[PDB]
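Participant: Just the starting chains for now, same placement as in the complex:
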Amino acid sequence: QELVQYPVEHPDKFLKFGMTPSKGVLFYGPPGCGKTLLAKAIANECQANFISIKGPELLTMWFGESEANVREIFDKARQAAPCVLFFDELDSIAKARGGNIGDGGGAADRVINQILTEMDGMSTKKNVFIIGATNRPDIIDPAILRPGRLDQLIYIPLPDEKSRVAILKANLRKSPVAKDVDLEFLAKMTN
Amino acid sequence: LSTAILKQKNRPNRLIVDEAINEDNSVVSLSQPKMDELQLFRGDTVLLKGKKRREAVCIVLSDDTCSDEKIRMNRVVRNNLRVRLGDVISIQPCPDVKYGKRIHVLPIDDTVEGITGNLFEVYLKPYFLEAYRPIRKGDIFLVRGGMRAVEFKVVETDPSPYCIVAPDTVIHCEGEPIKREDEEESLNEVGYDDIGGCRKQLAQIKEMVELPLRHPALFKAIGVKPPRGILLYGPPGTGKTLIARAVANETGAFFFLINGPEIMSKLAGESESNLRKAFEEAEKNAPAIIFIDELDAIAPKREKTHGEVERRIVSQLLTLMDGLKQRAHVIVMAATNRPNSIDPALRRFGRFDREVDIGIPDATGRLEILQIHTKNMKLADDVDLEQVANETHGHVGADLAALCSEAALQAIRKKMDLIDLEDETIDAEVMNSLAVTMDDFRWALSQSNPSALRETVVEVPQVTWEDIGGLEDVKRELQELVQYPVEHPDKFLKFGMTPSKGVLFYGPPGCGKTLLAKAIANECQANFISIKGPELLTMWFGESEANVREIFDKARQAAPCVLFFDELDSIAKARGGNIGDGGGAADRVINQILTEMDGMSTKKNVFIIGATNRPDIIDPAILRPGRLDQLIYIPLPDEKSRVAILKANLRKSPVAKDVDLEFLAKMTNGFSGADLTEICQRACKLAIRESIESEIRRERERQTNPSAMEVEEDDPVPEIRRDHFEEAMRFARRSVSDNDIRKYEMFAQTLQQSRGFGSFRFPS
Amino acid sequence: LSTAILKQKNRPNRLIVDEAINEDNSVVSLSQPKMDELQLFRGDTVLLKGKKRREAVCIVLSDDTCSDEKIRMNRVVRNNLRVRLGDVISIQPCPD
Amino acid sequence: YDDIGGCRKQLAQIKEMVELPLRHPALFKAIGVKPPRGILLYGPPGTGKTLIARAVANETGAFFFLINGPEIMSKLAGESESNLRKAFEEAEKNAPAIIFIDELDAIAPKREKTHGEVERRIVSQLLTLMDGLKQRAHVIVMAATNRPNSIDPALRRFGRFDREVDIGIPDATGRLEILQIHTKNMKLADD
């Protein structure tokens, strides 16, 4: 909340102090653990747009032109503020190049580099918040985990006991379920 | 020596105009020495000379009731002079003390209507019957012959400079109604005061031009060669035609504008006729100017040029420009956006050699532009244009007009409750009780896409030394290389030393390797071009040699620059690094930097500073004499520098009184220069949280007693308020571990121990 | 008054569509104070508001038999006002 | 006005930009603020853009003039340019007008598509007419294209097509409005 909502609902507080709003987060956790449902859930709170940017399409850029669409993707979010641009699978290029590639190449990959050019050339006044998500939080380029860019890392753990009850009651909503089913029980053995 | 050209060169008869309490147009207020200085004979007519030759005169009398350097008139003469209060006019009797022969007046409908009568009987006989109310030939003046403002035009007049119109002057009464806005058509002649963000780039125009026009005799006879082409260029929308009109109309020079697309919007074999008929009457009239606007549209590079009928206009333009000879006294100036876009054949000598460079306005250019644009709006008290000028980053001299527009529209939209949708009875107070606040300006600022956020910014930075503190040796050894070779050049000729052309910093990441470059650039008032890592690594992923040349050519036209190539090693570590592959650092880009760093004359004062997080994996070809020569090692901040960094981060935000920065910096030992900026932000997100929680808790609280009427405490948390740093210091992470600062100390110690001739001592 | 232009001026005499069973194409069933608020005398014609300047006017009579909230009209004028039953129609006299 | 669906978010922006300059000419001229010299709508083809222009202009009391794209680029070389003039010439004579140059990416493509000379003489004839507009004429041009970068970049310069709305694909609740517009004649069953 304090990264997507407060810099929107109370922008005057951010002027009383000299604090400057953050422009990035980086979720990382076990794959398939509701890392996408958290971008939408916060985007639903502050009533913001939500542009989703997946793996299999970023990796398309690395197999040809780059740097002519990453410019346009951002300029789409700039005309539709406040967005929550969600670069899913930021490591997708890295593990598709070798995962510590043998020939030597360290971090730069012609596409993650281009995001840096746009991310810096974006005044914080526009309320565009970039959220990444990775399952391999080490091969990610160390040039984005630096102040001024995606700053921190939030670790999304596996659902524990209370989410699993809620996760089940979300999938079983459209399907007529029996009244003697105990989701309070089925969520207590699946551990 | 460079911008000394705007000297005023005062004369004794310079008096600042003022207001007169009498409707009489022929009131003069003088200093007592002024009456008897120019021998001002009472009752005669003295010539008043404004700007753009906008003039109107008055009878000189013994009325010294005003101050010594002020003169009182009413709206007629002052406005016909077209100068405000704060502009002097040389009151001087020109011997043309004469009456007009025949004048023709052009009435303006809204001014004349009300009391109309007959033109002669009501306004021309008695308002001019021996009343010594003089006017100038060819003006649009004001007649206070009725109940309110009544305006006419001067058309015909025997004394061209100035005259008194009498009943001897027979005035034709077939005048036609004119418009208030018709005056604006002629007044589209811009004065000199209407350019902002070009305090510097206008001195260059005042020196290249304005000398060879106001005195053809001087530069013609001495045999010096005036320019015959100026190529202004900058980002689109910085108002260049405005600059051309100012420079032209300000020096009394006919200004003929050739439009860009309006040339090729015409038939094949017809555009050439237009170019010829432009260059052939510009040479005809007077010392003139041609402003070939949007040049890159009628002379692109060869590749964008496709047909032959389009490579004929270019050749016609060339043969017309080489038809300029010293008799013609005509000066052409064009306007592209970058020097590359124009056809290279034009830059050859004799056509478009000298090349001024308008650019993005800087942190005070925006302020002054905003003051230009907002002299018609009715600003509320709490508007602080010095504040909003700091916010607008990428905007140019055109986006600020749109920002003012959006703010005014935001106010006119907050015109909401009680004026009917089709209410034509918009009260005049609506137009004169507008209150544009900071709310409207921030609203507008949040909505405007800036035009030119993708341009390198060449402007003096606003950092000082005590934002770093300490570094008492790097301070001197960086002075001796950027300040001495600028402020004291003669020493470098008295001895034989050639100035160095580079320094290579190296140290742990985030230690002030940028604040040092900005600080030293500030010290000697030198522009500061910064080239970050991605802006190079992008070059390594495609073309090279097409931007690096551009970077150095940009640096050349802003001497003295301090070009700062941050992360020089970026390619070397993005190409494996220290393991990599087969390569002797072998870079497609760095080699280009070497090529341009050799072909660079030392006399131009362009000092190149690098910065590498790793001092060894870099190419050894730069660390060779003649290029970036010596290495400065920037250590981690130690004691005074940490206090300075904390007090420079906490200078924007309200801090408490007992916050002991002198202790906080005394405790945190191994902290970077960018890990004390998260003990100073994460100490503010623990206050934004607390204030924005207390507000909501108070709001939900008082719904228990909505009738209390004693609510809304002024401030729950006004202050960063120690016991926040107590908590924010729980998320303080040392960036550089002690196992990684060894690699730099055990390098710097190796630069030493290869030195020390010590016991060296000349004999006797 | 420097924060005011967005007024639409909703009126106390705004008349909403009500169905009629009459066949006369310019008879209006109005509120009782309709002749009274603007002092609307008999002998003139009002300018009923539709959309797109595509309107249809009536002869206004002292026929105030309707209620104070709506107007009873046939198909002709309301539809020839180029507004379906469900569009705002405002009453205003026209001295033409 | 109410025959447009799924555009309530963007059609609000056209409300602020156009009707205030058009139904209150004096207020702009009095305060001196300047109305836009041209809007540039853009979105995927067939989202009903040539209707929005009629919507805005048919209910604000403003003469409307439609210039088609293929209508211009299909006449004799040298006759098309005349038709552009006899449109701007005629519109300026009339009331506050709205010229809607539909299919603008056909009469002014990227240069990289323009190859003939007469193909680049219409574009210039357009630009001189556009910048020939000033506050006297009281005309507000507005265009339509599918993607913003598929237009000649010389048009976006200031004074021609400065500001640029973006009609987008209708959202999940926008469609419900459209379907209730195209089925107000059908006899839908109760189910």
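Facilitator: Good, I have the coordinates. Numbering: from 1, shown residues only, chains lettered A, B, ... in the order given.
Participant: And stretch A:143-153, end to end?
Facilitator: 14 Å (C-alpha to C-alpha, to the nearest Å).
Participant: do stretch A:166-179 as well
Facilitator: 17 Å.
Participant: That one close to chain D?
Facilitator: No: using C-beta under 8 Å from any C-beta of the partner chain, stretch A:166-179 stays clear of chain D, coming no nearer than 15.7 Å. (C-beta placed from N, C-alpha, C; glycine too.)
Participant: Buried residues in that stretch, which are they?
Facilitator: Within stretch A:166-179, the residues that qualify as buried by neighbour count (16 or more other C-beta atoms under 10 Å in any protein chain shown) are residue A:168.
Participant: Tell me where chain A has helices.
Facilitator: A:6-9, A:13-16, A:37-45, A:55-62, A:70-78, A:92-95, A:112-120, A:162-171, A:183-189 (DSSP state H).
Participant: Among those helices, which comes closest to residue B:715?
Facilitator: Closest to residue B:715 of the helices of chain A is helix A:13-16 (C-beta to C-beta; 9.3 Å).
Participant: Which elements pack onto the closest one?
Facilitator: helix A:6-9, helix B:685-702 (3 or more C-beta pairs under 8 Å, 6 or more residues apart in numbering or on different chains; DSSP states H and E).
Participant: Count the residues that sit near the closest residue to chain C within chain A.
Facilitator: Residue nearest to chain C within chain A (C-beta to the nearest C-beta): residue A:12, separated by 20.7 Å. The number of residues packed near residue A:12 is 8, by other C-beta atoms under 10 Å in any protein chain shown.
Participant: Quick one, which of the helices and strands packed on helix A:13-16 gets closest to residue D:41.
Facilitator: helix A:6-9 (27.5 Å).
Participant: What residues of that closest one count as buried?
Facilitator: Those buried within helix A:6-9 under the rule 16+ other C-beta under 10 Å are A:6, A:7, A:8.
Participant: Save the helices and strands packed on helix A:13-16 as CSV, and put in distance to residue A:101 too.
Facilitator: As requested, those are exported to CSV (distance: least, C-beta to C-beta, whole Å):
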stretch, distance to residue A:101
helix A:6-9, 38
helix B:685-702, 38
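Participant: Which one of the ones you listed lies nearest to residue A:138?
Facilitator: It's helix B:685-702; of the helices and strands packed on helix A:13-16, that one is closest to residue A:138 (C-beta to C-beta) at 27.0 Å.
Participant: Can you tell me what sits against the closest one?
Facilitator: A:2, A:6, A:10, A:13-14, A:16-17, A:19, B:708, B:711, B:713, B:716-717, B:719-721, B:724, B:727-728 (C-beta atoms under 8 Å, 6 or more residues apart in numbering or on different chains).
Participant: thinking again about what came up before, out of the buried residues of helix A:6-9, which is nearest to chain B?
Facilitator: residue A:6 (6.2 Å).
Participant: Convert the C-alpha atoms of stretch A:32-48 to PDB, please.
Facilitator: Coordinates of each C-alpha in stretch A:32-48 appear next as PDB, following Å, rounded to 0.1, in the frame of the first residue of the first chain:
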ATOM      1  CA  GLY A  32       3.000 -20.200  -9.200                       C
ATOM      2  CA  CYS A  33       2.200 -18.700  -5.700                       C
ATOM      3  CA  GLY A  34      -0.100 -15.800  -6.500                       C
ATOM      4  CA  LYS A  35       2.600 -13.300  -7.500                       C
ATOM      5  CA  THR A  36       0.300 -12.000 -10.200                       C
ATOM      6  CA  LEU A  37      -2.800 -11.800  -8.100                       C
ATOM      7  CA  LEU A  38      -1.000  -9.300  -5.800                       C
ATOM      8  CA  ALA A  39      -0.400  -6.900  -8.600                       C
ATOM      9  CA  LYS A  40      -4.000  -6.900  -9.600                       C
ATOM     10  CA  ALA A  41      -5.200  -6.800  -6.000                       C
ATOM     11  CA  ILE A  42      -3.400  -3.600  -5.200                       C
ATOM     12  CA  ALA A  43      -4.300  -2.200  -8.600                       C
ATOM     13  CA  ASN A  44      -7.900  -2.800  -7.600                       C
ATOM     14  CA  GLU A  45      -7.500  -0.800  -4.400                       C
ATOM     15  CA  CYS A  46      -6.300   2.500  -5.700                       C
ATOM     16  CA  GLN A  47      -8.500   2.100  -8.800                       C
ATOM     17  CA  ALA A  48      -5.500   2.200 -11.200                       C
END
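Participant: slot chain E in:
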Amino acid sequence: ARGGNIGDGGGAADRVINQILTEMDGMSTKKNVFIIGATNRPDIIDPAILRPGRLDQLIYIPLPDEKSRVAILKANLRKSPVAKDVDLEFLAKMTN
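Facilitator: With chain E added, the chains above now look like this:
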């Protein structure tokens, strides 16, 4: 700049030195053009140029010994007004 005995295998040819060979051979000796090279790594140099008909011999330029250092110092100290009691014969004798 290619690897210094590059790993992938490439032995001598580098697309540029080869061109220098092609032009060097196609140039009659009558024209008085003398080609002087200079290298710091005199083993990785392509063995196809150290062949008769091309750059033939090698001359090893040693470090300055005692007199060349005096001359170098007096050449560098020419434009700068020096004191008259400076002993370059000593400063060139310690720097070894």
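Participant: What about the buried residues of stretch A:166-179 again, now that chain E is present?
Facilitator: residue A:168.
Participant: Could you give the separation of it from the chain centroid?
Facilitator: Relative to its parent chain, stretch A:166-179 has a centroid offset of 27 Å by C-alpha atoms, centre = their mean, to the nearest Å.
Participant: Let me know how buried residue A:145 is, in neighbour terms.
Facilitator: When neighbours are counted by other C-beta under 10 Å, residue A:145 comes out with 16.
Participant: Which single residue of chain A ends up nearest chain E?
Facilitator: residue A:103 (10.3 Å).
Participant: Let me know how buried that residue is, in neighbour terms.
Facilitator: Residue A:103 - counted by other C-beta under 10 Å - has 11 other residues nearby.
Participant: Count the residues that sit near residue A:82.
Facilitator: 17.
Participant: An error on my part: the question was meant for residue A:164.
Facilitator: That count, for residue A:164 with other C-beta under 10 Å as the rule, works out to 17.
Participant: try residue A:106
Facilitator: By other C-beta under 10 Å, neighbour count at residue A:106 equals 19.
Participant: Next, work out how far apart it and chain D are.
Facilitator: 33 Å (C-beta to the nearest C-beta, to the nearest Å).
Participant: same thing with residue A:145?
Facilitator: The value you get for residue A:145 to chain D, if C-beta to the nearest C-beta is used, is 32 Å.
Participant: Also residue A:54?
Facilitator: As judged by C-beta to the nearest C-beta, residue A:54 and chain D stand 18 Å apart.
Participant: Likewise for residue A:113?
Facilitator: Taken as C-beta to the nearest C-beta, the span from residue A:113 to chain D is 22 Å.
Participant: count of neighbours near that residue?
Facilitator: Count around residue A:113 with other C-beta under 10 Å applied: 24.
Participant: likewise residue A:39?
Facilitator: 23.
Participant: try residue A:162
Facilitator: 9.
Participant: Which one of the residues in chain A is closest to chain D?
Facilitator: Counting by C-beta to the nearest C-beta, chain A gets nearest chain D through residue A:79, at 5.4 Å.
Participant: Could you tell me how many residues sit around that residue?
Facilitator: 13.
Participant: Could you do the one 5 residues further on as well?
Facilitator: Other residues near residue A:84 come to 23 when the count uses other C-beta under 10 Å.
Participant: now residue A:68
Facilitator: Residue A:68: 11 neighbours (other C-beta under 10 Å).
Participant: can you check residue A:20 too?
Facilitator: 13.
Participant: just residue A:151 next, same as before
Facilitator: Going by other C-beta under 10 Å, the residues that sit close to residue A:151 add up to 17.
Participant: now the one 4 residues further on
Facilitator: Per other C-beta under 10 Å, the neighbour tally for residue A:155 reads 10.
Participant: Return the set of residues that bridge with it.
Facilitator: Assessed by DSSP bridges, residue A:155 has beta-bridge partners residue A:28.
Participant: Got phi/psi on the residue lying closest to residue A:156 once chain neighbours are set aside?
Facilitator: Nearest non-adjacent residue to residue A:156, counting by C-beta to C-beta, 6 or more residues apart in numbering or on different chains: residue A:29, 3.6 Å away. Taking degrees, to the nearest 10, you get phi -180, psi 180 for the backbone angles of residue A:29.
Participant: What are the buried residues along stretch A:57-73?
Facilitator: Buried, per 16+ other C-beta under 10 Å, within stretch A:57-73: A:58, A:59, A:61, A:62, A:66, A:67, A:70, A:71, A:73.
Participant: I meant to write stretch A:16-25 there.
Facilitator: Neighbour-count burial for stretch A:16-25 [16+ other C-beta under 10 Å]: A:16, A:17, A:18, A:19, A:21, A:22, A:23, A:24, A:25.
Participant: chain center to stretch A:181-191: distance?
Facilitator: That offset, for stretch A:181-191, works out to 30 Å (C-alpha atoms, centre = their mean).
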